[PDB]
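Single-structure report; data block below.
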Amino acid sequence: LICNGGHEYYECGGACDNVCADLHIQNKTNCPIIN
Amino acid sequence: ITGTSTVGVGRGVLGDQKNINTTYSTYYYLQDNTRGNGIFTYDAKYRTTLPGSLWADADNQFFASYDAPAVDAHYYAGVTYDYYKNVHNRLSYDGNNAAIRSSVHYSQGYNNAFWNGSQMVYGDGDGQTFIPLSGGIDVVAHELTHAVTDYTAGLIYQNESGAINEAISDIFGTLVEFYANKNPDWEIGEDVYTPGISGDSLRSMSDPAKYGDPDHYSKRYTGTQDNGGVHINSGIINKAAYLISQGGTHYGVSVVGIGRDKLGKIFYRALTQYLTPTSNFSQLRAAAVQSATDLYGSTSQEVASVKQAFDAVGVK
Amino acid sequence: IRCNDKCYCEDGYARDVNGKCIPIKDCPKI
Ligand SMILES: [Ca+2]
Ligand SMILES: [Ca+2]
Ligand SMILES: [Ca+2]
Ligand code: NA
Ligand SMILES: [Zn+2]
């Protein structure tokens, strides 16, 4: 919650964020992690 | 590794003693050669590298606090394997005896567990709202059931197909919990959630509304959060599955219970024969009705109870 | 087993080394 560091937001969502280092394998919408 | 098949002893997350199948080669490894091509349990050592190190122990005694998540991940993977083999004649998650790999101590304060397409992974929890998640047999079986679904129906993890994906995991998670027959219930994750609240859980199949999940199609979530509500709308299917097995009256609609074994048979056949990656809730109904027809005949109580259960939750 | 209570970068944005969400066009090679 709050998530106020800029260009971010809170959700109870999927396991993957967009991370510069990992964008080539996974992102918010292409996430192989199944909870 | 290659060594001699041994039986070690340890204590799980909830402090219960159990025997675990290990492999001895200099160290005792959490490698169970008794089930298919093996069940292997790894230490992620508070990091996110996967799978991490195959769990190695000096003396085949796993009674340290640090050992407890590994004991349960390993043991409960075994139980889940036995369930699919003994009940559904399915050999591991791929039906071809794929090795079952699990990693524990993933990251730090990590309040979740998953299947990543290759293996199961368990956080330790933050210790206040979760304890190590491999402590719940339903949670373990839920994650491995995601692998089953992957290899069978391929239910896309979004929107209604994704909620079906989720419900299938909760249904079989629960049926594995009952199969082990320690402390079974129709709740999800009770054994690893909020160690300072008794009686609660992450989800309820018997009463999804207890935790704000819909128990009728008219209450379905249609927004984009949680991959289009996969862990929310699963309530609708979970409630239908609960009613099929146990019976009850739900928004005035009575359902005759046909029991857990027939529930599992109907849904396993649906999952393996009738569902596809794009299946929605109406298609799951048709799949479950056709499965019950194959298994029990058009005039059966079982067929009628599947129809009544989906009616009761508003899925036509 | 459940959703993740997380901060996410907005679409178009991704975490740098600092953990800050920055435009994806400003991400480095890797
Ligand atoms: Ca030891
Ligand atoms: Ca349970
Ligand atoms: Ca609790
Ligand atoms: Na239980
Ligand atoms: Zn799941």
Side-chain angles (χ1 to χ4, degrees), chain A residues 1 3 8-19 22-23 25-35, chain B residues 106 110-123 133 139 142-173 188-189 202-205 208 211-215 217 219-241 271 275-284 315, chain C residues 1-15 21:
Chain A
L1 250 204
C3 299
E8 55 168 2
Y9 64 88
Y10 165 74
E11 180 188 309
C12 199
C16 300
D17 198 354
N18 288 349
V19 177
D22 311 340
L23 286 185
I25 78 184
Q26 61 184 218
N27 56 62
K28 289 196 295 175
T29 53
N30 176 205
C31 184
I33 299 186
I34 312 303
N35 288 123
Chain B
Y106 184 82
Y110 195 88
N111 291 322
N112 230 330
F114 57 90
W115 165 257
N116 72 355
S118 296
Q119 66 167 110
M120 294 178 281
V121 183
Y122 303 92
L133 280 88
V139 174
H142 175 117
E143 303 313 331
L144 194 45
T145 300
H146 280 311
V148 176
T149 294
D150 263 24
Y151 273 91
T152 60
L155 288 156
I156 288 162
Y157 200 62
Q158 193 76 199
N159 285 8
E160 282 180 29
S161 60
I164 300 173
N165 186 325
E166 267 309 296
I168 289 284
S169 276
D170 287 343
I171 293 163
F172 290 105
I188 303 294
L202 293 177
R203 289 184 288 284
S204 175
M205 303 184 66
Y211 308 112
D213 296 323
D215 60 0
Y217 198 72
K219 295 186 183 292
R220 78 193 172 291
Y221 175 76
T222 61
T224 62
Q225 304 169 14
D226 180 36
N227 287 296
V230 303
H231 300 97
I232 299 161
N233 292 329
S234 54
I236 298 160
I237 304 311
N238 283 348
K239 181 72 196 198
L271 180 68
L275 293 176
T276 71
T278 59
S279 291
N280 62 28
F281 284 9
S282 187
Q283 293 162 336
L284 175 59
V315 171
Chain C
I1 194 58
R2 71 174 295 269
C3 56
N4 299 272
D5 294 302
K6 263 179 89 77
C7 298
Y8 301 84
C9 294
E10 295 181 23
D11 296 338
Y13 293 79
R15 300 285 173 184
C21 296

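A note on names: the letters A, B, ... follow the listed sequences, proteins ahead of strands, and every chain is numbered from 1.
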Are the side chain of B:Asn280 and the backbone N or O of B:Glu160 linked by a donor-acceptor pair below 3.5 Å? no

For a quick test of reading the model, state the closest non-hydrogen atom pair linking B:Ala153 to B:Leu275 and the distance between them. CB-CB, 3.7 Å

Cationic N near anionic O, under 4.0 Å, A:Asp17 to C:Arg15: yes

Which heavy-atom pair separates B:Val139 from B:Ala113 by the least distance, and what is that distance? CG1-CB, 4.2 Å

Not counting sequence neighbours, which residues clear ring-ring contact (aromatic ring centres under 6.0 Å, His included) with B:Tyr151? List them please. B:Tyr93

Test your reading of the model: is there a side-chain donor-acceptor pair from B:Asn116 to the backbone of B:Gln119, 3.5 Å cut-off? yes

Can a donor-acceptor pair be found, under 3.5 Å and without considering hydrogens, that links the side chain of B:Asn111 to the backbone of B:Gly123? no

Sidechain-backbone polar pair: B:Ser169 side chain, B:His146 backbone, donor-acceptor under 3.5 Å: yes

For B:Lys219, is the NZ atom crowded, meaning more than 12 foreign heavy atoms sit under 6.0 Å from it? no

For B:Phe114, which residues count as a ring-ring contact (aromatic ring centres under 6.0 Å, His included) partner, sequence neighbours excluded? B:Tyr106

Please report the shortest heavy-atom distance between B:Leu284 and B:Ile237, naming the atom on each side. CD2-CG2, 3.6 Å

Going by heavy atoms in the side chains, are B:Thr145 and B:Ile171 under 4.5 Å from each other? no

Are side-chain heavy atoms of A:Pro32 and A:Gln26 found at a separation under 4.5 Å? yes

Is a donor on one side and an acceptor on the other found under 3.5 Å between the side chain of A:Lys28 and the backbone of C:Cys9? yes

Could you tell me whether the side chain of A:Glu11 and the main chain of B:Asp226 form a donor-acceptor pair under 3.5 Å? yes

Might you point out which heavy atoms bring B:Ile164 and B:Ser279 nearest each other, and give the distance in Å? CD1-O, 3.5 Å

With no hydrogens and no angle check, do the side chains of B:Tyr217 and B:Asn233 hold a donor and an acceptor under 3.5 Å apart? no

Donor-acceptor check, side chain of A:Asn35 to backbone of C:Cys3, threshold 3.5 angstrom: yes or no? no

Would you please name every residue forming a ring-ring contact (aromatic ring centres under 6.0 Å, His included) with A:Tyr9, sequence neighbours left out? C:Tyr8

Run the salt-bridge test on B:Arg203 and B:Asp170 with the 4.0 Å N-O cut-off and return the result as yes or no. yes

So, B:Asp215 side chain and B:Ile236 main chain: donor-acceptor pair closer than 3.5 Å or not? no

Heavy-atom nearest pair, B:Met205 first then B:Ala241, reads CE-CB, 4.2 Å

Separation between CG of B:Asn165 and OG1 of B:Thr149, rounded to the nearest 0.5 Å: 5.0 Å

Nearest heavy atoms of B:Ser234 and B:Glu166, plus distance in Å: CB-CB, 3.8 Å

To the nearest 0.5 angstrom, please state how far the SG atom of A:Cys31 sits from the CG atom of B:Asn227. 7.5 Å

Could you tell me the separation between the OG1 atom of A:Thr29 and the CD atom of B:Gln158, rounded to the nearest 0.5 Å? 9.0 Å

Can you measure from CG (C:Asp11) to CG (A:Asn27) and round to the nearest 0.5 angstrom? 9.0 Å

Can you check whether B:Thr278's main-chain N or O pairs, donor with acceptor, with B:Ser161's side chain at less than 3.5 Å? no

Value rounded to 0.5 Å, distance of CG in B:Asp150 from CD1 in A:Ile34: 7.0 Å

Would you compute the distance between atom CG of B:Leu202 and atom OH of B:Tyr211 and round it to the nearest 0.5 angstrom? 8.5 Å

